[PDB]
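[1] Sequence first, structure after; it's an experimental one.
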Amino acid sequence: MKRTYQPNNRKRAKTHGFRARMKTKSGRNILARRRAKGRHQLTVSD
Amino acid sequence: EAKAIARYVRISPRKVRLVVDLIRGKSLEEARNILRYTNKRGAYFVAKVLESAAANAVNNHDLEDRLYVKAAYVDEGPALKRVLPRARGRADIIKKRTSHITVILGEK
Amino acid sequence: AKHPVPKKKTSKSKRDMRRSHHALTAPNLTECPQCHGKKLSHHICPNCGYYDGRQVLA
Amino acid sequence: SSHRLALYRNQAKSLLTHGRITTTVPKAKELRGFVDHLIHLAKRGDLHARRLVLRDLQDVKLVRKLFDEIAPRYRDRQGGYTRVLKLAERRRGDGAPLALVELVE
RNA sequence: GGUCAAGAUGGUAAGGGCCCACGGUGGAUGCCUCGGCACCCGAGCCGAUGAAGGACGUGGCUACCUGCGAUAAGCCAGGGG
RNA sequence: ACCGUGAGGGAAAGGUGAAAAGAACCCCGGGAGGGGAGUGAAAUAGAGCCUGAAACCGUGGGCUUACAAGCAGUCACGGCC
RNA sequence: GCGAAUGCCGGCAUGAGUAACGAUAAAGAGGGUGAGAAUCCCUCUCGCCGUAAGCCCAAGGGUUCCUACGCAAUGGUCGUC
RNA sequence: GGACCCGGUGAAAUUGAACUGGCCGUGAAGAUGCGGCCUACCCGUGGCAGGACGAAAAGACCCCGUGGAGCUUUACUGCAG
RNA sequence: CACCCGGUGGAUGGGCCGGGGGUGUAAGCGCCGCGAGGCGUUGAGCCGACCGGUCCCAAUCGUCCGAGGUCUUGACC
């Protein structure tokens, strides 16, 4: 059926992961956004 | 005269309903074979709620036999809101409508 | 695909009325062969074994 | 079809072994005649007869067991070598008035 | 006392509609608070002597909440009790 | 918590009592749950257990129901209660 | 100050004890356990695979794996599995 | 193989409300509910589609808002090059 | 569902049994040919509801409900 979910450790991870977000302006942005703003955890945390 | 009961009773209130609506107001011992040898579920149950009934009395509510069921009833309540196939999109849950079960046992 | 579905709140009244023709009818049972008690009209049981032959237990 | 048989089969089988089992109304009502019929063959008793009876049942032990064993205990009567008796109770959820049947003895 | 002939009213309800009493189911409601909201006076920087923020972590006996963190419900010193 | 791969969305849910004194024991029962005793000012205050309304499902009773039309109904006259 | 916005939120009735059991690869019998077993355990007939309804390496999911206890709900019926 | 009878389970959009018959007439001009009339007991289950202007969806065909969005050239202007 | 006939003083199911119908002479042994087979026994064997016997079998035993006889007038015994 091929949905769109097949997760890929390697993938998903990579792609998304503390770092990256960081590395980025943007990413970083929202991130520290989320942080306070909300609490929670985060991607990679995932 | 005394009485038996029990809520949080999983079952078709309705169905149940037929149950008594039979053995209903009638000689103890007597129906005590109705539900003993009748059919549809509930029975079993129904029976039960007749024994702690006949009991309770004689025991703490007192004259055996000469007894019966001046009256018997059942009520529904607590549901069991149950989830089923997402309209293949949106949820469709039914409800195993819990079931109460009171029933009298007074002496002739 | 709901071509046809009710069209007017069924009326408790009626509704039930419907559910009306329904009703039970206690097992026609009888009384023991010599088993003494009430059995399923035509059969031995956790009281019998008999009939005419001891084909059971207890 | 292939199922009607099968049944009659294993039921006919098992039975002869005990000579009175527990299947529902019908089920029994039939396993009778047949099984029954079969009997009448153990009675015939011979090359043929056996070559049939077995033909279905499939199994020396029995097959023979009955032809010799029981057969006799019956050599006299006129069919009926079975007494299909209904039962008092009923398998649950279901509510099927099962029943029991045996080789009239 | 019987028979025919006619003539008119009644009981019987499978469930049902209204009224009454007693439950059940459901939580409105009032009242209530360890919480907000709002405005005014106080205050106003943290950071490599690796911050803010998490990770995995000890309680004798365990997920969570906690305070610490490895010297983990805490180790020193002074003031209050 | 939960749907979202993600950025993000983003809920619901409080209340026994003066304090537990939170129901030893005996009963039908596989139990849950129901019958007694005991706390008690009251437990139809009893463990999601203050107030706990309606809708909606029950159990009995009064009246009423089989040549009859309209959600309604409301005006008249009659019998049962 | 509310019927009333195909209004929002929550409960609650409908159709309705009719529609569905997720492939027409079928079962049935004897014993055993259990409060209670069409739906569990042993056993004996029988049917369906067999290029799979085979074992294997991966990726994904992470204790789901075993063993002793237990069935309240999840198992679209049971259920001691 | 469902459907039907049994046992077990047990939804779903739409719906003001309703005890909702035919006629020929009517009204906003294609009426079970308004008039006259004729047949007309009370309920149900297995069905058959006609009417309830049946359900689905605030017509996509239409026009109307000096609504919007895409492509076009000797439309207006302006920028990129 | 209602509807019809029967409920062991029964033939109602099945069973058996004769009968029909239907399949084309069986399982075995036999005798011919290296074999394949054939020919025989043998219209055999086997038979699902069709026509009819016989209490082998199974419809045992048992329950429940059910009337009483409404009011007036008159016509006759």
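    Thanks, I have it. Residues are numbered from 1 along each chain as shown, chains lettered A, B, ... in the order given.
[2] Give me the distance between the residue nearest the centre of chain D and residue D:85.
    Against the mean C-alpha coordinate of chain D, by CA atoms, centre = their mean, the closest residue is residue D:35 at 3.2 Å. In this view, residue D:35 and residue D:85 are 14 Å apart by CB to CB, to the nearest Å. C-beta: built from backbone N, CA, C; applies to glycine.
[3] what do you get for residue B:8?
    If you measure residue B:8 against residue D:85 using CB to CB, the figure is 42 Å.
[4] which of the two has more neighbours?
    The residue with more neighbours, out of residue B:8 and residue D:85, is residue D:85; 18 against 9, by other CB atoms under 10 Å in any protein chain shown.
[5] The nearest residue to the more buried one once chain neighbours are set aside - how many residues pack around it?
    Residue nearest to residue D:85 in three dimensions, not counting chain neighbours: residue D:100, with 5.2 Å by CB to CB, 6 or more residues apart in numbering or on different chains. Neighbour count for residue D:100, taken as other CB under 10 Å: 18.
[6] Now do residue D:100 against residue C:47, distance only.
    Distance from residue D:100 to residue C:47, by CB to CB: 17 Å.
[7] go on, residue B:24?
    The value you get for residue B:24 to residue C:47, if CB to CB is used, is 25 Å.
[8] same check, this time on residue B:106
    Plainly put, residue B:106 is 29 Å away from residue C:47 if you go by CB to CB.
[9] Please apply the same query to residue B:23.
    Distance, residue B:23 to residue C:47, using CB to CB: 20 Å.
[10] These two: which has the busier surroundings?
    Applying other CB under 10 Å to residue B:23 and residue C:47 shows that residue B:23 carries more neighbours, namely 27 against 17.
[11] for the closest residue to RNA strand I within chain D, what are its contacts?
    Closest residue of chain D to RNA strand I, CB to the nearest atom of the strand: residue D:79 (1.0 Å). By CB atoms under 8 Å, 6 or more residues apart in numbering or on different chains, the contact list for residue D:79 reads D:36-37, D:39-40.
[12] And it, its phi and psi?
    Backbone torsions of residue D:79, given as degrees, to the nearest 10, read phi 40, psi -180.
[13] for residue D:84, helix, strand, or coil?
    Per DSSP: H, G, I helix; E, B strand; the rest coil, the secondary structure class of residue D:84 is strand.
[14] Identify all residues paired with the nearest residue to it once chain neighbours are set aside through a beta bridge.
    Leaving aside its chain neighbours, residue D:84 sits nearest to residue D:101 (4.2 Å; criterion: CB to CB, 6+ apart). Beta-bridge partners of residue D:101, counted by DSSP bridges, are residue D:21, residue D:84.
[15] surely residue B:92 meets residue B:81?
    No - if you go by CB atoms under 8 Å, residue B:92 and residue B:81 don't touch, sitting 11.3 Å apart.
[16] mind listing the helices for chain A?
    Secondary structure of chain A, counting by DSSP state H: helices at A:10-13, A:28-38.
[17] out of those helices, which comes closest to residue D:13?
    helix A:10-13 (59.6 Å; CB to CB).
[18] Residue B:15 reaches residue B:42, doesn't it?
    Yes - under the criterion of CB under 8 Å, residue B:15 makes contact with residue B:42 at 5.5 Å.
[19] Which one's more surrounded, these two?
    residue B:42 (25 against 15).
[20] In contact with that one, which residues?
    Counted by CB under 8 Å, 6+ apart, residue B:42 has contacts B:11-12, B:15-16, B:18-19.
[21] Buried subset of the residues you listed as a PyMOL selection?
    Only the buried entries of the contacts of residue B:42 go into this PyMOL selection, using 16 or more other CB atoms under 10 Å in any protein chain shown:
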select buried, chain B and resi 11+12+16+18+19
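[22] Closest one to RNA strand I out of the contacts of residue B:42, please.
    residue B:18 (17.7 Å).
[23] these two touch, right, the closest one and residue B:39?
    No - if you go by CB under 8 Å, residue B:18 and residue B:39 don't touch, sitting 9.9 Å apart.
[24] got a list of what the residue nearest to residue D:85 touches?
    Counted by CB under 8 Å, 6+ apart, residue D:100 has contacts C:55, D:20-22, D:28, D:85-87.
[25] With distance to residue A:20 as added columns, please give those residues in JSON lines.
    Shown next, in JSON lines, are the contacts of residue D:100 (distance: CB to CB, whole Å):
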{"residue": "C:55", "distance to residue A:20": "81"}
{"residue": "D:20", "distance to residue A:20": "78"}
{"residue": "D:21", "distance to residue A:20": "72"}
{"residue": "D:22", "distance to residue A:20": "70"}
{"residue": "D:28", "distance to residue A:20": "74"}
{"residue": "D:85", "distance to residue A:20": "79"}
{"residue": "D:86", "distance to residue A:20": "77"}
{"residue": "D:87", "distance to residue A:20": "73"}
